[PDB]
$ cat run_19.txt   # compact mmCIF, C-alpha atoms
# COMPACT_ATOMS: atom_id res chain seq x y z
CA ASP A 94 6.87 32.48 -0.35
CA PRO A 95 5.37 31.34 -3.72
CA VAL A 96 8.61 29.61 -4.70
CA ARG A 97 8.70 26.76 -2.21
CA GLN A 98 4.89 26.94 -2.46
CA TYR A 99 4.54 25.60 -6.01
CA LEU A 100 7.19 22.94 -5.38
CA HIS A 101 5.35 21.66 -2.32
CA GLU A 102 1.98 21.74 -4.06
CA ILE A 103 3.32 19.55 -6.85
CA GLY A 104 5.12 17.54 -4.19
CA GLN A 105 1.70 16.78 -2.72
CA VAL A 106 0.95 14.27 -5.51
CA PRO A 107 2.72 10.98 -6.47
CA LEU A 108 4.01 10.64 -10.02
CA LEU A 109 2.79 7.62 -11.98
CA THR A 110 3.77 3.97 -12.49
CA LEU A 111 4.10 2.78 -16.11
CA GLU A 112 0.71 1.13 -15.58
CA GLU A 113 -1.00 4.28 -14.34
CA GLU A 114 0.50 6.15 -17.30
CA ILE A 115 -0.66 3.77 -20.04
CA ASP A 116 -4.09 3.54 -18.40
CA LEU A 117 -4.27 7.34 -18.17
CA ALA A 118 -3.69 7.86 -21.88
CA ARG A 119 -6.14 5.02 -22.53
CA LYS A 120 -9.15 6.39 -20.63
CA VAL A 121 -8.33 9.95 -21.74
CA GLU A 122 -8.47 9.00 -25.40
CA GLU A 123 -11.58 6.92 -24.75
CA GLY A 124 -13.28 10.07 -23.54
CA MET A 125 -11.96 12.14 -26.42
CA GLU A 126 -13.40 9.57 -28.83
CA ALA A 127 -16.57 9.35 -26.76
CA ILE A 128 -17.28 13.03 -27.39
CA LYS A 129 -16.56 12.43 -31.07
CA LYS A 130 -19.22 9.73 -31.02
CA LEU A 131 -21.58 12.14 -29.26
CA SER A 132 -21.19 14.64 -32.09
CA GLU A 133 -22.60 11.97 -34.39
CA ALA A 134 -25.63 11.57 -32.12
CA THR A 135 -27.32 14.85 -31.17
CA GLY A 136 -25.47 16.44 -34.08
CA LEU A 137 -23.29 18.95 -32.23
CA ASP A 138 -19.78 20.34 -32.67
CA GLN A 139 -16.63 18.49 -31.68
CA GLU A 140 -15.58 21.15 -29.17
CA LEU A 141 -19.10 22.16 -28.10
CA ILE A 142 -19.96 19.03 -26.11
CA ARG A 143 -16.28 18.94 -25.14
CA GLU A 144 -16.21 22.27 -23.29
CA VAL A 145 -19.76 21.75 -21.99
CA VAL A 146 -18.33 18.68 -20.23
CA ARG A 147 -15.96 20.96 -18.33
CA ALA A 148 -19.00 23.13 -17.65
CA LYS A 149 -20.27 20.36 -15.37
CA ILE A 150 -16.82 19.04 -14.34
CA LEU A 151 -14.25 21.85 -14.21
CA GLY A 152 -16.87 23.72 -12.22
CA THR A 153 -20.21 25.46 -11.85
CA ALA A 154 -20.94 28.94 -13.23
CA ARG A 155 -17.32 29.94 -12.48
CA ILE A 156 -15.98 28.50 -15.75
CA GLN A 157 -18.15 30.59 -18.07
CA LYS A 158 -18.50 33.73 -15.95
CA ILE A 159 -14.89 34.83 -16.40
CA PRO A 160 -13.16 33.85 -19.60
CA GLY A 161 -13.17 37.57 -20.34
CA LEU A 162 -16.35 39.63 -20.59
CA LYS A 163 -17.23 37.34 -23.52
CA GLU A 164 -16.72 33.65 -24.23
CA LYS A 165 -20.02 31.91 -24.99
CA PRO A 166 -23.48 32.22 -23.36
CA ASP A 167 -23.77 30.06 -20.21
CA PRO A 168 -27.56 29.94 -19.69
CA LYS A 169 -28.27 29.94 -23.43
CA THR A 170 -25.86 28.05 -25.71
CA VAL A 171 -24.84 25.69 -22.89
CA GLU A 172 -27.84 25.03 -20.63
CA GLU A 173 -29.85 24.02 -23.70
CA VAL A 174 -27.02 21.61 -24.55
CA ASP A 175 -26.88 20.33 -20.98
CA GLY A 176 -30.47 19.19 -21.41
CA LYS A 177 -30.40 18.39 -25.13
CA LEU A 178 -27.86 15.65 -24.53
CA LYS A 179 -29.76 14.72 -21.38
CA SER A 180 -32.53 12.89 -23.22
CA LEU A 181 -30.78 10.02 -24.98
CA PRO A 182 -31.04 6.20 -24.68
CA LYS A 183 -28.68 3.95 -22.67
CA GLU A 184 -26.71 3.48 -25.88
CA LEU A 185 -25.66 7.12 -26.12
CA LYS A 186 -25.76 7.94 -22.38
CA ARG A 187 -22.63 6.02 -21.35
CA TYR A 188 -20.59 7.85 -23.98
CA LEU A 189 -21.26 10.98 -21.91
CA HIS A 190 -19.86 9.65 -18.64
CA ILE A 191 -16.89 8.36 -20.62
CA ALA A 192 -16.40 11.96 -21.69
CA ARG A 193 -16.59 13.24 -18.12
CA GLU A 194 -14.15 10.71 -16.68
CA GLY A 195 -12.09 10.55 -19.86
CA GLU A 196 -11.52 14.29 -19.92
CA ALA A 197 -11.08 14.16 -16.14
CA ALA A 198 -8.05 11.83 -16.33
CA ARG A 199 -6.28 14.40 -18.53
CA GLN A 200 -5.89 16.65 -15.51
CA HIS A 201 -4.41 13.75 -13.54
CA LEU A 202 -1.86 13.18 -16.28
CA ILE A 203 -0.81 16.85 -16.30
CA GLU A 204 -0.61 17.04 -12.49
CA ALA A 205 1.49 13.87 -12.55
CA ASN A 206 4.09 15.04 -15.08
CA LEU A 207 4.09 18.50 -13.53
CA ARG B 212 -9.94 -16.15 -12.71
CA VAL B 213 -12.63 -17.28 -15.13
CA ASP B 214 -14.51 -20.39 -14.00
CA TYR B 215 -16.14 -21.83 -17.10
CA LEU B 216 -19.08 -24.21 -17.42
CA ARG B 217 -19.15 -27.62 -19.10
CA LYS B 218 -22.32 -29.51 -19.99
CA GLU B 219 -22.56 -33.19 -20.91
CA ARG B 220 -25.31 -35.80 -21.08
CA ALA B 221 -23.75 -39.02 -19.84
CA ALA B 222 -24.97 -42.44 -18.82
CA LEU B 223 -24.04 -44.72 -15.93
CA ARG B 224 -24.41 -48.42 -15.10
CA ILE B 225 -24.67 -49.28 -11.40
CA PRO B 226 -26.54 -52.05 -9.62
CA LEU B 227 -29.94 -51.50 -7.95
CA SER B 228 -28.62 -52.64 -4.59
CA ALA B 229 -26.68 -49.39 -4.69
CA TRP B 230 -28.36 -46.39 -6.32
CA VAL B 231 -28.69 -43.65 -3.69
CA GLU B 232 -31.67 -42.85 -5.96
CA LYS B 233 -32.07 -39.09 -6.34
CA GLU B 234 -33.17 -36.75 -9.16
CA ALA B 235 -30.49 -34.23 -8.15
CA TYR B 236 -27.01 -34.82 -6.74
CA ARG B 237 -25.02 -31.90 -5.32
CA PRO B 238 -21.22 -31.92 -5.31
CA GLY B 239 -20.03 -34.57 -2.85
CA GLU B 240 -23.56 -35.96 -2.53
CA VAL B 241 -23.32 -39.70 -1.96
CA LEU B 242 -24.33 -41.91 -4.89
CA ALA B 243 -24.63 -45.71 -5.22
CA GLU B 244 -23.72 -47.54 -1.95
CA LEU B 245 -23.18 -50.86 -3.78
CA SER B 246 -21.92 -54.11 -2.27
CA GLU B 247 -18.84 -55.34 -4.07
CA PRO B 248 -16.46 -53.53 -6.46
CA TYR B 249 -18.85 -53.51 -9.45
CA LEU B 250 -17.19 -53.52 -12.87
CA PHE B 251 -18.63 -50.85 -15.17
CA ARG B 252 -19.97 -52.76 -18.17
CA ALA B 253 -19.64 -51.08 -21.56
CA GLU B 254 -22.93 -51.15 -23.45
CA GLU B 255 -21.23 -50.18 -26.71
CA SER B 256 -18.06 -50.77 -28.72
CA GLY B 257 -15.57 -48.13 -29.82
CA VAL B 258 -12.45 -46.26 -28.83
CA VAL B 259 -12.57 -44.52 -25.46
CA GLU B 260 -11.62 -41.08 -24.27
CA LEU B 261 -10.47 -40.53 -20.69
CA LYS B 262 -11.05 -36.94 -19.65
CA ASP B 263 -10.04 -36.64 -16.02
CA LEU B 264 -12.28 -34.41 -13.95
CA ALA B 265 -11.03 -33.69 -10.43
CA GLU B 266 -11.91 -36.90 -8.59
CA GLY B 267 -14.23 -38.15 -11.35
CA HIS B 268 -13.62 -39.53 -14.83
CA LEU B 269 -15.47 -39.31 -18.16
CA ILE B 270 -15.39 -41.87 -20.97
CA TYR B 271 -16.35 -40.89 -24.51
CA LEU B 272 -16.98 -43.94 -26.66
CA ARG B 273 -16.68 -43.21 -30.38
CA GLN B 274 -16.22 -45.23 -33.57
CA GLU B 275 -13.97 -43.44 -36.04
CA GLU B 276 -15.24 -39.87 -35.71
CA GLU B 277 -18.75 -39.79 -34.20
CA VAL B 278 -19.50 -40.60 -30.55
CA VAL B 279 -21.32 -43.86 -29.81
CA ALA B 280 -21.88 -43.01 -26.12
CA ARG B 281 -20.72 -41.13 -23.02
CA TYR B 282 -20.11 -42.56 -19.54
CA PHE B 283 -19.67 -40.90 -16.14
CA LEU B 284 -17.28 -42.28 -13.53
CA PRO B 285 -18.10 -41.04 -10.00
CA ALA B 286 -15.35 -40.40 -7.44
CA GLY B 287 -13.69 -43.70 -6.59
CA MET B 288 -14.93 -45.44 -9.71
CA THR B 289 -11.58 -46.21 -11.28
CA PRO B 290 -10.71 -46.37 -15.01
CA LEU B 291 -9.56 -49.71 -16.42
CA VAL B 292 -8.72 -48.29 -19.86
CA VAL B 293 -6.27 -45.85 -21.49
CA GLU B 294 -7.58 -42.89 -23.55
CA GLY B 295 -7.96 -43.73 -27.23
CA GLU B 296 -7.52 -47.45 -26.60
CA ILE B 297 -9.93 -49.71 -28.50
CA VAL B 298 -12.63 -51.45 -26.42
CA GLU B 299 -15.66 -53.70 -26.97
CA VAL B 300 -19.19 -54.34 -25.69
CA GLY B 301 -19.58 -55.68 -22.15
CA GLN B 302 -15.86 -55.05 -21.66
CA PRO B 303 -14.72 -54.09 -18.13
CA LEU B 304 -14.79 -50.31 -18.63
CA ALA B 305 -14.24 -49.16 -15.05
CA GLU B 306 -14.65 -50.25 -11.43
CA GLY B 307 -16.48 -48.54 -8.57
CA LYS B 308 -15.98 -49.58 -4.96
CA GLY B 309 -18.44 -48.99 -2.14
CA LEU B 310 -19.05 -45.26 -1.74
CA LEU B 311 -18.31 -43.85 -5.23
CA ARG B 312 -19.96 -40.48 -4.56
CA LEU B 313 -20.54 -37.54 -6.91
CA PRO B 314 -17.55 -35.29 -7.77
CA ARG B 315 -16.87 -32.18 -5.66
CA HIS B 316 -17.05 -29.60 -8.46
CA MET B 317 -19.96 -31.15 -10.42
CA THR B 318 -23.78 -31.18 -10.25
CA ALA B 319 -26.52 -33.51 -11.50
CA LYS B 320 -29.81 -32.44 -13.08
CA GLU B 321 -32.68 -34.42 -14.64
CA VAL B 322 -31.90 -37.99 -13.58
CA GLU B 323 -33.12 -41.08 -15.47
CA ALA B 324 -34.26 -44.62 -14.67
CA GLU B 325 -33.55 -47.78 -16.60
CA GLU B 326 -33.59 -50.77 -14.26
CA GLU B 327 -32.98 -54.41 -15.13
CA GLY B 328 -32.74 -56.98 -12.32
CA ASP B 329 -29.94 -56.40 -9.81
CA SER B 330 -28.55 -53.65 -12.06
CA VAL B 331 -29.85 -50.23 -13.14
CA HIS B 332 -28.93 -47.56 -15.70
CA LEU B 333 -29.04 -43.86 -14.86
CA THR B 334 -28.74 -41.10 -17.46
CA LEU B 335 -27.68 -37.92 -15.70
CA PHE B 336 -27.37 -34.47 -17.23
CA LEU B 337 -24.13 -33.26 -15.71
CA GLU B 338 -22.65 -29.78 -15.57
CA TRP B 339 -19.45 -28.68 -13.90
CA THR B 340 -16.93 -25.87 -13.53
CA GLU B 341 -13.57 -26.01 -15.30
CA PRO B 342 -11.82 -22.74 -14.25
CA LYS B 343 -8.73 -21.13 -15.73
CA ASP B 344 -6.45 -18.23 -14.84
CA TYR B 345 -5.29 -15.28 -16.92
CA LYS B 346 -2.31 -13.05 -16.16
CA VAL B 347 -3.02 -9.38 -16.84
CA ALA B 348 -0.26 -7.03 -18.00
CA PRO B 349 0.20 -3.21 -17.96
CA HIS B 350 -0.50 -3.37 -21.69
CA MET B 351 -3.98 -4.47 -20.66
CA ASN B 352 -7.04 -3.11 -18.87
CA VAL B 353 -9.89 -5.23 -17.47
CA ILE B 354 -13.31 -4.51 -19.01
CA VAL B 355 -15.92 -6.83 -17.50
CA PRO B 356 -16.76 -6.24 -13.82
CA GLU B 357 -16.13 -8.37 -10.74
CA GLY B 358 -18.28 -11.49 -10.35
CA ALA B 359 -19.96 -10.99 -13.73
CA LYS B 360 -21.74 -13.57 -15.87
CA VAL B 361 -19.81 -13.77 -19.17
CA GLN B 362 -21.02 -14.81 -22.64
CA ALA B 363 -19.30 -16.86 -25.38
CA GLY B 364 -16.52 -15.04 -27.19
CA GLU B 365 -16.59 -12.17 -24.71
CA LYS B 366 -14.06 -9.39 -24.42
CA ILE B 367 -12.74 -9.80 -20.90
CA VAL B 368 -9.66 -7.61 -20.84
$ encode --input "run_19.txt" --output "structure tokens"
Amino acid sequence: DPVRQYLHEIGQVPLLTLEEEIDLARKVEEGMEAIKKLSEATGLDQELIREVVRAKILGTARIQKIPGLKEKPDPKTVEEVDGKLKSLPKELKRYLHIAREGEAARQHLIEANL
Amino acid sequence: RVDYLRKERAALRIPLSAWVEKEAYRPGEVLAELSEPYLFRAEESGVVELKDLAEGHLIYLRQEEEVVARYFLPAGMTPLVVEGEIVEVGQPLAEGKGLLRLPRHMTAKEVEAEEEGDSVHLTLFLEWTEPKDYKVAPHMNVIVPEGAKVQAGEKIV
């Protein structure tokens, strides 16, 4: 039964304290601004680096192999970007991990208020 | 809990029959055995400042604005004067008795020697820890890591 199923799957995670909530939005927006600061570095699009983050977070080749028979080239327009942003100084590097964890927290927020 | 640092170059007047005589005194390290309850003798005039440090005391002697001198009172060397009160030269600043060891939170680096007869002056460069607590709120998030060495005017939280 899928009905009780969903309810129990969302009942597998605690909600959030006011603290957890505020902090969530905080780190999330810090990652969203981090990407924005990355666009000003290697000179890429706002959403490019953004999605490419999910390409290493939301999963391996499963995220770009089925958004329809066409989304955007995985080995071409992405892999080059996964290594283009890879050679940057310590100044720019942290703003990447802030994008990974920042965008990560988003999911936590959704799961929480689910 | 941020434990801050405080640096001061202060002098001391203690007889030579005391003077544990070391270039470096750790916290609680015994200093100046003495004989009798020696009266700290002010070598300058001015108004004092009593800044109480744990067991120890500190006397800033200044005329008007600028400081004329700074004195260090080891643990058990007791203040004879009230902060801000006007004093004179040779006046009975403080009194040590027997032991009068170094304070428990403070160190001593780069000692000095000025010795005249039964008495001796020691200029010690003293640095201690004057900690303080900060209550964090949900409207806040800590930045700096645990057990980190912080700068001046640093964003903590």
$ residues_around --input "run_19.txt" --residues "residue 335 of chain B" --least-positions-apart "4" --cutoff "10 Å" --atoms "all atoms listed in the file" --output "PyMOL selection string"
chain B and resi 219-223+234-236+282-283+318-324
$ interface_residues --input "run_19.txt" --of "chain A" --to "chain B" --cutoff "8 Å" --atoms "all atoms listed in the file" --output "MDAnalysis selection string"
chainID A and resid 111:112 115:116
$ residues_around --input "run_19.txt" --residues "residue 126 of chain A" --least-positions-apart "6" --cutoff "10 Å" --atoms "all atoms listed in the file" --output "PyMOL selection string"
chain A and resi 120+132+139+188+191-192+195
$ atom_distance --input "run_19.txt" --atom1 "atom CA of residue 143 of chain A" --atom2 "atom CA of residue 109 of chain A"
25.8 Å
$ atom_distance --input "run_19.txt" --atom1 "atom CA of residue 295 of chain B" --atom2 "atom CA of residue 214 of chain B"
27.6 Å
$ atom_distance --input "run_19.txt" --atom1 "atom CA of residue 346 of chain B" --atom2 "atom CA of residue 366 of chain B"
14.8 Å
